[PDB]
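Asker: okay, structure incoming, though there's no sequence with it:
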Ligand SMILES: Nc1ncnc2c1ncn2[C@@H]1O[C@H](COP(=O)(O)OP(=O)(O)OP(O)(O)=S)[C@@H](O)[C@H]1O
């Protein structure tokens, strides 16, 4: 077997890597007790040179591997044209691991096991790379598609992937680059100038790829915009946008397929209206669906123990997870009532997009309760009314 | 007035052969500063010599 | 005298790296001291003091701060040597002051990974 | 530290008869101990004399009735020149500071002068029960180190052992 451990090193901490590894291994072997995360330490060095330690899926086993990472402080660099520096490309450039991305991989909650599939995909990619397999004989396009309902966190999973991969695979690539492509600023449309513009940003991608000691992730938002369905569209009125801008990207991406330290990640909204010659050039086209009842309950939990962690809900009552309610078998009791009422909200708040789910506490603490400090079961009631407030508001805008 | 970091207008020192420590200059800053010293304790033996008491001497000598 | 003071700073820096089996007794300045045989370290400390040498040719100097680092390079200990720079017992008296200092106090992990500093015979330790 | 201190006094007494040449250099040899090259001896009479010394000195080490146990360089007429005082408050980290004392002895007849608050009578009778050699109370001329240089050679406030050693010696 194997288990993974990740430890936040402070930027103002500068001790050597192997000392950090030895110290964390010492803490683990002394403690050696589930998936909980350490925050409390007992060594002045380790305190001033560590922020937290965490286990990612209660056992005293010693099959432990350490990944140590530094979330880079500064945000995005910008990419503009070479001689038309005003606005032509304007691509976003994250130098991973990055600060604004942490905690993101944990918060997201799905029910189709996208995380494991879409992570061990890259793991098997590296395995086949190091074993020297005949790239002429077994190959992959290094393109992963994610499509589904709007606001359901489709694109969130790609930044989480990139963060988790530049963290997990440290000391195998010093760092990673993540290029966020704006598929709306590359449509300067007068007689195939956009189809010529894709070329420049892809040469810059080549520039960031040849640095063979950096793992690069190219994240394309709205991959339906760049690749419009040319065949079924019975519109000859499309002069050269539907034929000389999709064909200007189906080549530059078949050109980076030969390299190995690149991965293409794409986010789509419309399943149709996309070129059939691009739904073959993607290894994984995984569908991100709207949250389901258990998922909704887990997200609502995350929110509520987040509020309790910041003391918003001052009287701390144990919120019982759905597994404990199944174990007891749905028995009403003086503490078990709150979880039950949460679960009734979960069925009643079914079918909403994850973004409004992660908003709903904001509104429920906005209009219905002005209290700077709130007791539970009134805040819960505020949620149970704010959800119906959201249904009626959606019905209001027709 | 000047401090050197053999790793105020500061004259650091680099010795390019050693250059594993990816971030050097911030390491160099730490080495310079002062920080709270503990007092140099004026020391005292705890069990002093009382002249009214006489110690023990065995007879034998080395060959 | 600056040259022989720099050789005594050699004696200091490295014997205090001692004050384990990779170290050995040998005759330095007519006393036996248990240092290291490392020729790379020998010439490296010689280089430290001989780059300190033009520094003392300037004659403007305050301390020779032989910082005994921890393994973190973030001082949990230190050894400031504030000699107010303008027979064998006294050339050994300095070594006995530092030994009694590390006596009442304590050392650091085996590899002290120390980085000599200078601020341009007496001493103390910021622990 | 009973074994540790015992072997330390062995290596000590050889360094003591070595460094100031009261005996010829060729008599003692060397081996390896405490990660330190140390000076040893194998001459029989001295070996057994020191043997009796150590297995007679261990119980003062355990019971702690001793303000300070001393090793004294003596002349052929019992004329002390250097006392080595163990001012000891005995109530993983200890042996390394004994490396430090080894260095210190390198840069610091004979007798085992045990300063106890009680009379040496119990210790004396004990010497003649773990040795044929009789122990006597130290006379006037074997204790007086006139003009003592009160320099503390090396102190250790270890949680296991409050130990401070120094040479009570004249101006020299
Ligand atoms: N399924 C989910 N589970 C938990 N949190 C979610 C989920 N989906 C979305 N979120 C939260 O939604 C916020 C942003 O989601 P987005 O990824 O921007 O949605 P999106 O899918 O990008 O929609 P598009 O395609 O860009 S309109 C993040 O803060 C996520 O935490």
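Answerer: Right, received. Where do you want to start? Numbering: from 1, shown residues only, chains lettered A, B, ... in the order given.

Asker: surely residue A:54 is in a strand?
Answerer: Yes: according to DSSP: H, G, I helix; E, B strand; the rest coil, residue A:54 belongs to a strand.

Asker: could you give the number of residues near residue 5?
Answerer: Let's take chain A. The tally of other residues near residue A:5 (other Cβ atoms under 10 Å in any protein chain shown) stands at 18. Using the backbone N, CA and C atoms, a C-beta is placed for each residue, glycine as well.

Asker: wait, I meant chain C there
Answerer: Residue C:5 has 17 neighbours, counted by other Cβ under 10 Å.

Asker: which residues does the closest residue to residue B:13 other than its chain neighbours contact?
Answerer: Nearest residue to residue B:13 in three dimensions, chain neighbours excluded: residue B:6, at 5.0 Å (Cβ to Cβ, 6 or more residues apart in numbering or on different chains). Applying Cβ atoms under 8 Å, 6 or more residues apart in numbering or on different chains, we find residue B:6 in contact with B:13, C:48, C:51, C:115-118.

Asker: try it again at 7 Å.
Answerer: B:13, C:48, C:115-117 (Cβ atoms under 7 Å, 6 or more residues apart in numbering or on different chains).

Asker: out of those residues, which end up buried?
Answerer: Buried members of the contacts of residue B:6, scored by 16 or more other Cβ atoms under 10 Å in any protein chain shown, are C:48, C:115-117.

Asker: out of the residues you listed, which sit inside helices?
Answerer: residue C:48 (DSSP state H).

Asker: closest one to residue A:380 out of the buried ones among the contacts of residue B:6, please.
Answerer: Taking Cβ to Cβ as the measure, residue A:380 lies nearest residue C:115 of these, at 58.5 Å.

Asker: please name the nearest non-neighbouring residue to that closest one.
Answerer: That would be residue B:7: by Cβ to Cβ, 6+ apart, it lies 4.7 Å from residue C:115.

Asker: and the gap between the one you found and chain A?
Answerer: As defined by Cβ to the nearest Cβ, to the nearest Å, residue B:7 lies at a distance of 12 Å from chain A.

Asker: quick one: that residue and residue B:28 touch, right?
Answerer: Yes: under the criterion of Cβ atoms under 7 Å, residue B:7 makes contact with residue B:28 at 6.1 Å.

Asker: which residues of chain A fall in helices?
Answerer: All helices of chain A, identified by DSSP H, fall at A:17-31, A:44-49, A:104-107, A:114-130, A:156-168, A:194-209, A:223-226, A:241-244, A:252-256, A:293-309, A:322-328, A:337-348, A:354-364, A:379-396.

Asker: one more: chain C?
Answerer: Going by DSSP H, chain C shows helices at C:2-18, C:39-57, C:89-104.

Asker: for those helices, which one sits closest to chain A?
Answerer: Nearest of those to chain A, taken as Cβ to the nearest Cβ: helix C:2-18 at 18.0 Å.

Asker: could you give the angle of the closest one to helix C:89-104?
Answerer: 30 degrees (axes from the mean of the first three to the mean of the last three Cα atoms, to 10 degrees).

Asker: output the set of residues of chain A in proximity to chain C.
Answerer: A:14-15, A:19, A:44-45, A:48-49 (Cβ under 7 Å from any Cβ of the partner chain).

Asker: if we go to 6 Å?
Answerer: Proximity of chain A to chain C is confined to A:15, A:19, A:45, A:49 under the rule Cβ under 6 Å from any Cβ of the partner chain.

Asker: as JSON lines, those with distance to residue C:97 would be great.
Answerer: Output for these, formatted as JSON lines (distance: Cβ to Cβ, whole Å):
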{"residue": "A:15", "distance to residue C:97": "30"}
{"residue": "A:19", "distance to residue C:97": "31"}
{"residue": "A:45", "distance to residue C:97": "28"}
{"residue": "A:49", "distance to residue C:97": "32"}
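
Asker: out of the contacts of residue B:6, who's nearest residue A:383?
Answerer: After measuring those against residue A:383 - Cβ to Cβ - the closest member comes out as residue C:115, at 57.8 Å.

Asker: I'd say that closest one and residue B:3 touch.
Answerer: No: judged on Cβ atoms under 6 Å, residue C:115 makes no contact with residue B:3 at a distance of 11.4 Å.

Asker: give me the distance between residue A:240 and residue A:40.
Answerer: As for residue A:240, its distance to residue A:40 is 63 Å (criterion: Cβ to Cβ, to the nearest Å).

Asker: of these two, which one has the most company?
Answerer: Ranked by neighbour count (other Cβ under 10 Å), residue A:240 and residue A:40 place residue A:240 first, with 16 against 7.

Asker: residues near the nearest residue to that one once chain neighbours are set aside, how many?
Answerer: Counting by Cβ to Cβ, 6+ apart, residue A:240 lies nearest to residue A:192, which is 4.4 Å off, once chain neighbours are set aside. Residue A:192: 15 surrounding residues under other Cβ under 10 Å.
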